[PDB]
Novice: 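Have a look at the structure that comes next, please.
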Amino acid sequence: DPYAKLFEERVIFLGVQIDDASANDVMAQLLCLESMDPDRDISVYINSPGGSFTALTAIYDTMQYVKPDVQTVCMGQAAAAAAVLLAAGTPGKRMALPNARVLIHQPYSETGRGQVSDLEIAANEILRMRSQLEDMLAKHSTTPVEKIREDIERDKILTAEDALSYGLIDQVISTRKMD
Amino acid sequence: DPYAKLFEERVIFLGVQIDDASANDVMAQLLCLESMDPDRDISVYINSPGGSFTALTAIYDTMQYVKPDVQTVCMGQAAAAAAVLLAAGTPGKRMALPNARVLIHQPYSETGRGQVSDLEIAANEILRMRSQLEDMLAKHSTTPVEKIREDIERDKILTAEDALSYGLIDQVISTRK
Amino acid sequence: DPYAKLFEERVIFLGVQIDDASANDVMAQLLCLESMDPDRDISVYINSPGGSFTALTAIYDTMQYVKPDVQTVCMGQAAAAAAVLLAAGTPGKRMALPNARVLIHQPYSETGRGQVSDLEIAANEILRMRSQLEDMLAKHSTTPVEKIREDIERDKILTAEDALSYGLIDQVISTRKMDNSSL
Amino acid sequence: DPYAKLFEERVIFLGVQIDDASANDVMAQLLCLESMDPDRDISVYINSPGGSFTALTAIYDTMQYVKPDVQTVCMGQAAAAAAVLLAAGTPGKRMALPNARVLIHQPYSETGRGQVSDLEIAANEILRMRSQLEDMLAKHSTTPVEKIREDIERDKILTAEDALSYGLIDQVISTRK
Amino acid sequence: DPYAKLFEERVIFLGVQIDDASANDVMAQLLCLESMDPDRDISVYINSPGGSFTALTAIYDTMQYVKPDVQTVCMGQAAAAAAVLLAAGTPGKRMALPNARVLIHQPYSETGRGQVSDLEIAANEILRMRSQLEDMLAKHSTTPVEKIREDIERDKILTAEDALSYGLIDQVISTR
Amino acid sequence: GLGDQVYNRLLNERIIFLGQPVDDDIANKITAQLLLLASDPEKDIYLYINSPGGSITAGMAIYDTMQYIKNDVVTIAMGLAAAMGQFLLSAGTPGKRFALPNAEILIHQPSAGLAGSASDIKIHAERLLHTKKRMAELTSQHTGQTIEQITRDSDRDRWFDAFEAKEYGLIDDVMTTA
Amino acid sequence: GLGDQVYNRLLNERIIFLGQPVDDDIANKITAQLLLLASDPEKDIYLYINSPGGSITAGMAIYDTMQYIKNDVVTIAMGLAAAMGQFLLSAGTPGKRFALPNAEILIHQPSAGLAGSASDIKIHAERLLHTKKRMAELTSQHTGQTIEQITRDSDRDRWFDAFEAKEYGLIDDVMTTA
Amino acid sequence: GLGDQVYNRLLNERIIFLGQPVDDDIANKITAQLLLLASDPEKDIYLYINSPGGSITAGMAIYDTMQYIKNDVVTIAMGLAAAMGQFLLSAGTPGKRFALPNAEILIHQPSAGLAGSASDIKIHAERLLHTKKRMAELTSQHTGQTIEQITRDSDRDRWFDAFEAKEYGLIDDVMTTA
Amino acid sequence: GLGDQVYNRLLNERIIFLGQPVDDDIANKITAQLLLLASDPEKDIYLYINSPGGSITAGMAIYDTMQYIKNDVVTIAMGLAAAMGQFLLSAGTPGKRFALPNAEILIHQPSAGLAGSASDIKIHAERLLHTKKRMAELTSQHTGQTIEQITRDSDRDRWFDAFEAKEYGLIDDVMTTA
Amino acid sequence: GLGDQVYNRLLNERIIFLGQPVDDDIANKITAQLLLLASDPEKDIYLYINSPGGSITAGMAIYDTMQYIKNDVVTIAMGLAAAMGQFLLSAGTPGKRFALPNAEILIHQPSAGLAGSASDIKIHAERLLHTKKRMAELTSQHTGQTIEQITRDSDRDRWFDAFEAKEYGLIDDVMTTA
Amino acid sequence: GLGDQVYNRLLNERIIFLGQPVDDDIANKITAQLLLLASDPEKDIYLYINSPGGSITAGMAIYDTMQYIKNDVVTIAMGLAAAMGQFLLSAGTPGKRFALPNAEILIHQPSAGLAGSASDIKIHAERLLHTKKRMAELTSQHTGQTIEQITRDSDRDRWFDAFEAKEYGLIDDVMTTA
């Protein structure tokens with residue numbers, strides 16, 4: 001079982017849509033890794049297309065609360081919440097594969113049939129979510145918040161070099177022989 | 001699996017909606033945890049979006065009956081019944097993450113086709129459940145019952161600091177220094 | 001369990017459509033095999049009818065990243081993305097079955113309804129992915145990039161010897177051959 | 001279960017239609033059997049109603065590649081792909097049960113909606129598949145190739161004795177010796 | 001599970017429809033049971049409402065191949081393929097329960113849309129299958145082949161005594 | 001086809017049909033026919049009921065439109081004429097309500113459903129209370145029975161033939177021939 | 001298409017058809033046709049039956065309409081006349097009920113279903129008992145047979161032909177040629 | 001069939017119906033009927049309302065068409081007039097808005113849904129707020145109450161019969177007969 | 001239905017009703033009506049719009065048909081005139097484009113989808129860009145604002161009621177009470 | 001209906017529409033209309049095209065009918081003339097093919113999937129190649145742009161915008177206000 | 001209504017269409033039209049087959065009607081004449097069978113499906129062989145080719161253009177501006 005061996009070396013895979021079950025599993029694994037060793041690095045690999053905002057906030061808070069440094073590595077794609085999780089790693093320890101893509105855009109949501117007051121409350125809530133999103137993106141990046149708002153207006157796709165210049169990641173690792 | 005370990009150190013997740021199966025499992029784990037050790041604390045972490053009222057009442061009664069102190073932690077969100085379980089923990093040991101939310105609103109329900117008398121009985125039960133809900137909310141909160149009645153008329157979303165000011169929790173986690 | 005026996009001998013077997021779960025499993029297995037021994041070769045057997053592009057890219061990067069040499073064996077067919085993986089093996093160790101085919105074509109994709117700006121962004125992304133695929137196919141082969149661009153316009157099917165002439169593979173296996181055994 | 005034992009004495013069952021997963025499992029078992037003992041023959045039992053052409057070619061290649069001799073037994077029926085798999089065994093070791101049917105016909109395929117160029121490319125591909133299939137049938141049989149061309153125009157069903165005379169079966173087993 | 005136990009008491013059930021998977025399972029079980037002891041008999045219990053003809057043929061040839069005697073017991077019903085399988089046992093070992101029904105009828109087939117030549121080939125094949133079925137029913141029973149051919153024109157149901165008079169079974173067992 | 005012609009020709013004879021369950025469309029059609037026949041005031045209108053019930057609001061609209069015109073309405077019952085069909089049967093001009101000998105009648109309380117939030121559920125519950133008690137009052141007024149008597153009787157399904165209908169007060173006579 | 005004008009003409013020569021299972025729609029059709037043709041009190045009406053059954057209420061409405069008018073009705077069986085079809089066939093005026101020589105007549109007591117609470121189930125059960133006795137006595141009266149004999153014969157699914165139909169009393173004569 | 005002819009002749013006299021939920025095609029047909037009747041600028045048009053409401057824009061089109069013509073419009077509520085049906089009922093000329101004694105009237109705030117990105121959701125939400133306040137101000141102007149009182153009243157659904165409807169300014173008078 | 005004759009009679013007065021999700025069928029109907037009315041050149045053609053938009057290629061055919069004929073087109077808007085329905089409303093002759101009070105108008109950019117290989121996607125995307133710029137330049141030409149102003153305004157979503165639509169240039173004047 | 005009436009009145013003016021995808025029944029309808037109009041030989045027929053194309057054989061039937069009669073056909077493109085609708089657009093008499101200013105024209109190769117046995121697949125593939133070559137040479141003859149150029153331009157979808165179609169030779173003139 | 005009207009005039013002009021797959025309904029249609037036109041024995045009937053085949057029995061019915069009415073039947077192929085439609089194409093009187101220049105024709109052996117017991121399978125198979133032989137010999141009789149030539153050409157499939165069909169003998173001549 002390769003996943004068990006990976007977990008034995010403090011490595012966590014996130015290659016599924018970010019929902020409640022996956023968030024709970026990730027948080028439980030993070031708590032176990034902290035309990036077994038509170039002062040050694042934890043590696044998180046991201047290959048997910050995105051997910052719900054509440055699970056994203058839960059995972060982000062769990063990563064921030066847990067004190068050992070978290071090294072985030074992007075392998076395939078990191079879109080929406082996956083980009084935020086990738087940028088939420090320890091500075092200097094955020095990496096991406098040479099051929100990878102990072103996708104950022106403003107949140108999208110659906111609501112059911114309802115009266116105007118409920119719709120207004122939902123609109124206020126989603127605007128609050130979006131504002132929290134720009135705050136989270138600006139905190140862990142080297143880009144002004146106004147540029148963040150202008151960029152995440154539509155779908156923004158960045159390669160490894162574009163992400164490195166954009167501040168989400170810190171290194172592009174080519175091979176193993178060439179350190 | 002991490003779940004087995006966290007259960008070894010007395011941890012219960014609530015990551016699904018509140019229904020008969022989840023409530024029954026909560027009963028089983030709470031009773032077993034009390035039997036194994038009635039001295040240490042029991043931790044309940046909630047990430048539920050809501051659920052039925054009967055499971056709400058049953059789980060609340062079980063938590064109250066279980067004499068060891070129960071800590072409650074809101075990790076991702078707490079809507080409807082989940083907020084009630086968040087407030088139903090041992091006072092002084094109710095926690096919420098920084099970027100978390102708590103949602104409270106009056107219960108929603110539907111009834112099948114039937115005669116007027118059955119609909120009246122169902123409506124009376126619905127009003128009784130609602131009254132029990134605001135009574136249980138005022139019991140574990142520092143706000144006046146009239147304020148709760150007026151606020152839960154429609155949905156209400158509060159941040160961690162707003163929940164702390166409202167009396168739902170006691171501490172807002174920041175980080176592990 | 002034959003698959004466990006194959007894995008213990010350092011053979012990674014890919015016989016399903018390439019998606020996120022399969023890519024994650026392949027990357028985990030490759031990392032574990034590299035950790036076990038950074039010197040012995042790793043064998044990858046390909047019987048996949050293509051798949052997604054991001055999973056292809058992740059698998060390709062993981063194959064190029066690991067220290068040991070990768071020995072690719074085309075086995076059945078390699079339809080859309082599996083052909084690139086077959087051509088991405090260590091040079092000189094990319095072989096194929098005799099009665100096997102390798103197919104190559106430009107990527108196919110579709111998008112949901114949206115405004116014109118979103119469609120323009122999606123088209124730009126798809127063109128970028130197509131150019132990346134052409135670059136990867138040109139790097140790991142012999143024919144010039146212009147020939148690749150002309151060929152991948154429509155579905156191009158190559159036999160074992162056709163692939164060998166194209167440069168995607170290096171050898172075609174015929175029958176089991178004993179070692180010299182000369183003491 | 002009997003399946004594990006039959007594997008232990010170097011016998012592989014092919015009882016489901018020829019697809020990617022079944023071919024992959026069969027060739028993995030063939031490789032393991034060759035590794036464990038490179039001299040004892042491997043017995044393959046054919047009870048499948050045909051399958052895909054790519055899996056056919058993969059199994060045929062991995063069966064011709066292995067050093068040990070392949071002993072093929074037709075059991076119940078062997079149609080289309082199964083017929084080629086049965087006839088691809090080691091000469092003098094391809095036998096069938098007394099009552100059995102071997103069905104041979106030209107490949108059948110469906111092509112999705114597309115432009116004319118794609119359709120003619122697919123037509124060239126299916127013609128190449130048919131040519132390869134008839135050449136493989138001719139190589140492992142005494143029947144002349146043109147006879148096979150005219151025979152596989154429609155469905156051709158042969159009994160055990162008909163297959164024996166055709167050049168696909170070496171002998172017919174009746175009772176244990 | 002009782003199935004594995006009754007397997008080491010050398011009893012094999014055929015209580016499901018006679019298809020490719022069940023046929024392969026039964027054939028493998030027969031081969032293994034012959035391997036374990038090539039001298040003791042093998043018991044085959046039949047409770048199946050018929051099945052495909054290819055599975056019938058495969059199981060018939062497998063039973064006819066091995067030395068160990070195939071002792072066939074029938075409970076409840078044995079229709080179409082099951083009747084032939086029951087009648088295919090070794091002589092003196094074909095017995096059935098008192099109120100058990102055995103149904104015999106000509107094969108039923110269905111084909112999709114096709115040209116005239118394909119339909120003609122399919123008709124020839126189904127006629128050949130019916131002829132083979134009549135041949136086995138004649139060679140494994142006492143009734144002459146002409147009466148068997150006339151009887152399978154329409155579905156015929158026989159009791160244990162009727163089956164014994166027909167010649168498919170040897171004796172009727174009620175209580176040990 | 002033929003139905004349209006025969007219905008039109010019977011409409012030329014001031015005859016109105018109320019077959020099939022009552023709904024908004026049939027209510028609008030019946031209202032249109034009543035408003036058309038109201039053009040000549042010194043005539044009578046014959047109405048035939050074979051409906052197993054229908055919508056509450058549509059039935060109230062039909063009943064009030066019937067009360068609106070000055071023309072006397074003769075209700076005739078055949079088949080089932082249950083629920084709202086019974087209510088419209090007994091809502092005709094006094095002394096001009098008839099049922100055929102083999103014509104059943106059924107009486108029971110209204111039925112509905114509730115869904116939504118607690119406050120909306122309570123509002124709808126009190127609205128259903130108002131509607132049900134109004135129905136009981138109108139039935140007692142038209143039939144001449146006691147409000148409490150009808151309220152107690154209409155707790156479950158209650159069945160009558162023509163006779164128990166006429167001695168009950170739902171109808172005024174039973175027509176055997178012309 | 002052709003049905004419209006062929007039915008118009010057949011109505012012009014006073015011919016009525018019931019060639020389908022009886023429901024509310026065809027019940028209203030037959031009632032409207034009978035009411036329209038009742039404008040002429042001296043000429044008779046002809047009605048044919050080719051039906052496998054129908055609903056009880058629609059049959060009762062049609063029967064009541066038939067006995068309401070003064071005009072004589074000739075019911076002619078046209079093959080299958082089962083359940084309610086034969087009852088409407090035998091409901092015609094005496095001496096004017098006919099069946100085709102190759103006709104099928106079937107009688108059986110009605111069938112229904114129950115759903116709801118126990119009290120409601122009991123109410124519908126007693127309703128079904130009353131309507132079954134209603135039907136049994138009505139067909140005993142019309143066919144001239146005793147109640148017990150009719151009840152005994154109606155429990156199972158006894159079939160008949162034209163000859164047995166007239167000797168049993170279901171029909172009065174077998175019409176062949178004109 | 002009959003509905004077409006009766007609606008045609010009622011439209012010929014003075015009458016227009018709204019006996020179904022408000023939507024695009026019914027609004028177009030009502031607008032066409034009003035425009036056709038506006039050719040003669042002296043007689044008034046009677047409009048009957050029986051509908052549970054409908055789309056906002058179609059009701060707005062009907063209301064604007066009613067205000068565009070100089071002909072007087074007499075709105076009569078029958079059976080039910082809820083949500084936009086009430087709004088069109090009260091949109092008639094002052095002193096000629098009526099309801100039936102058994103009619104019911106319901107008022108509540110509009111409802112809708114949201115979908116899309118955050119910017120589009122915000123734009124749609126502000127559009128909905130503007131529409132809601134526009135409806136509040138128009139219903140306050142046409143009913144006679146204050147804006148803020150109507151705003152408090154239209155938070156949950158509220159019911160009325162003819163009497164508090166007429167003293168609430170929703171309708172002007174109630175006729176039991178013509 | 002009544003709609004057919006009422007539409008025929010109103011079309012006899014050179015009044016054209018529009019407003020549905022615009023597709024090929026309604027566009028063909030409108031073009032046929034315009035061609036038929038183009039027989040008399042010196043009479044105006046009134047065209048009423050209440051639609052949520054539709055396909056681009058059909059509305060462009062309608063626009064070309066209107067610009068083809070000599071007859072002046074007077075466009076009237078009510079309720080909702082959104083998406084490319086706004087374009088067709090603004091396509092009318094200058095000084096003859098009006099909107100009723102409380103009539104909503106909406107502008108936004110076109111929408112489409114993608115499917116196929118890279119080459120086909122590129123070709124269709126460039127075609128979509130050309131269509132979008134053509135729509136923007138035509139809207140700028142008709143309204144009077146600059147191309148860049150329309151491009152900036154019609155990016156996400158933009159709403160209008162009568163008066164700011166009038167001052168913007170989409171509507172020449174707002175008419176009420178003739 | 002209204003559409004039927006306007007189509008009849010336009011057919012009286014020798015105007016034909018093709019505002020739907022081409023298939024069997026519409027091609028039969030167009031052929032019937034052309035044969036009916038071919039009674040008078042010295043008159044010309046206007047044919048409006050707005051279609052995304054359709055079946056090959058139906059369009060060949062329409063084209064053969066167009067080339068069969070002695071009457072001249074004036075083809076007018078509105079909306080779009082995509083795929084084979086363009087083919088029928090360019091099939092008009094020389095000097096009498098036109099497109100409206102805002103018209104888009106699309107050209108691409110035929111596409112029709114195949115399935116079956118190997119020999120049947122071969123036969124269908126060679127027929128597809130033969131009909132593709134036939135279409136290429138036919139459109140080359142009708143546009144005068146050689147055969148190799150047409151085959152090169154038919155590999156993928158190509159778009160033309162009135163004037164581009166004019167210079168390419170697909171049409172003869174871009175009509176304005178007549 | 002337009003299609004029915006143009007078909008009315010074409011039938012008045014003695015023109016018949018078969019532009020759809022052949023089944024029992026269209027077989028009755030064609031037989032009815034041919035029988036109606038057979039009242040004139042001195043005139044001929046024009047037939048316009050373009051269909052992808054159909055049912056065997058319907059084609060036999062139409063063929064027998066063609067050989068029965070004694071009138072000259074002029075048969076024209078316009079689009080695709082395949083399977084049974086091809087046989088109807090050659091069923092016309094000699095010297096009066098035509099195909100348009102771009103018309104394309106198909107011939108192939110019959111196809112069907114069988115299910116049931118072995119005796120039923122044998123009976124159906126021998127009937128299929130018999131009807132295949134009948135089709136082959138009828139085709140060899142109508143077209144000047146021997147039975148063996150047809151039975152080998154129709155073994156799998158065969159296509160024809162206009163001139164290849166003309167030289168093969170399927171038709172008599174092609175039209176061009178005739």
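The chains referred to below are lettered A, B, ... by the order of the sequence lines, with proteins before strands, and numbering in each begins at 1. Just so it is clear, the values below take in all heavy atoms, side chains as well, and ignore hydrogens, waters and symmetry mates.
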Novice: Hey, which of A:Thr57, A:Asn124, A:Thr54, A:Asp61 has the most heavy atom pairs under 4.5 Å with chain B?
Specialist: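 Between A:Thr57, A:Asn124, A:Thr54, A:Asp61, the count favours A:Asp61.
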Novice: If you count heavy-atom pairs within less than 4.5 Å of chain B, which of A:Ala23, A:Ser117, A:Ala122, A:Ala55 leads?
Specialist: A:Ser117
Novice: Just wondering, are more than 12 heavy atoms of other shown residues or ligands nearer than 6.0 Å to NZ in A:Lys67?
Specialist: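 Above 12, so yes.
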Novice: Which bit of A:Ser35 comes within less than 4.5 Å of chain B, counting heavy atoms only: side chain, backbone, both or neither?
Specialist: neither
Novice: Let me know if A:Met36 has heavy atoms under 4.5 Å from chain B in its side chain, its backbone, both or neither.
Specialist: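 Just its side chain gets close to chain B.
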Novice: First locate atom NZ of B:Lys177, then atom OH of A:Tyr65, and finally report the distance between them rounded to the nearest 0.5 Å.
Specialist: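 Nearest 0.5 Å value for the NZ-OH distance: 8.5 Å.
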Novice: B:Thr159 versus chain A, heavy atoms under 4.5 Å apart: side chain, backbone, both or neither?
Specialist: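 For B:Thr159, the contact with chain A is made by the side chain alone.
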Novice: Looking at A:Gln64, is its backbone amide N or carbonyl O close enough to the side chain of B:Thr175 to form a donor-acceptor pair, meaning the two atoms are under 3.5 Å apart?
Specialist: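 Checking the backbone N and O of A:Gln64 against the side chain of B:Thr175, a donor-acceptor pair under 3.5 Å is found.
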Novice: Does any part of the side chain of A:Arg128, heavy atoms only, come nearer than 4.5 Å to the side chain of B:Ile157, both counted from C-beta?
Specialist: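 A side-chain contact under 4.5 Å exists here.
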Novice: Within this structure, what is the CZ-CZ distance for the pair A:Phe53 and B:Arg101, rounded to the nearest 0.5 Å?
Specialist: 10.0 Å
Novice: Among B:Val16, B:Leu6, B:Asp1, B:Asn47, which has the most heavy-atom pairs under 4.5 Å with chain A?
Specialist: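 The candidate making the most pairs under 4.5 Å is B:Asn47.
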Novice: Using non-hydrogen atoms only, which part of A:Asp25 is less than 4.5 Å away from chain B: side chain, backbone, both, or neither?
Specialist: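 Looking at A:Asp25, backbone and side chain both touch chain B.
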Novice: First locate atom CD1 of A:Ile59, then atom CE of B:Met75, and finally report the distance between them rounded to the nearest 0.5 Å.
Specialist: 9.5 Å
Novice: With a cut-off of 6.0 Å (strictly less than), are more than 12 heavy atoms of other residues, nucleotides or ligands near NZ of B:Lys139?
Specialist: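 For B:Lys139, atom NZ is not crowded (no more than 12 foreign heavy atoms under 6.0 Å).
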Novice: Taking atom CD as the centre, does A:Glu9 end up with more than 12 heavy-atom neighbours from other residues, nucleotides or ligands that are less than 6.0 angstrom away?
Specialist: no
Novice: Between A:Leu31 and chain B, which part of the residue has a heavy atom less than 4.5 Å away: side chain, backbone, both or neither?
Specialist: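 For A:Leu31, side-chain heavy atoms alone lie under 4.5 Å from chain B.
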Novice: At a 4.5 Å cut-off on heavy atoms, which part of B:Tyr3 comes close to chain A: side chain, backbone, both, or neither?
Specialist: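 For B:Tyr3, the side chain is the part near chain A, not the backbone.
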Novice: Output the distance between atom CD1 (A:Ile121) and atom CG (B:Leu103), rounded to the nearest 0.5 Å.
Specialist: 9.5 Å
Novice: State, with a plain yes or no, whether a side-chain heavy atom of A:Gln132 is found less than 4.5 Å away from one of B:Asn99.
Specialist: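 A:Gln132 reaches B:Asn99 side chain to side chain.
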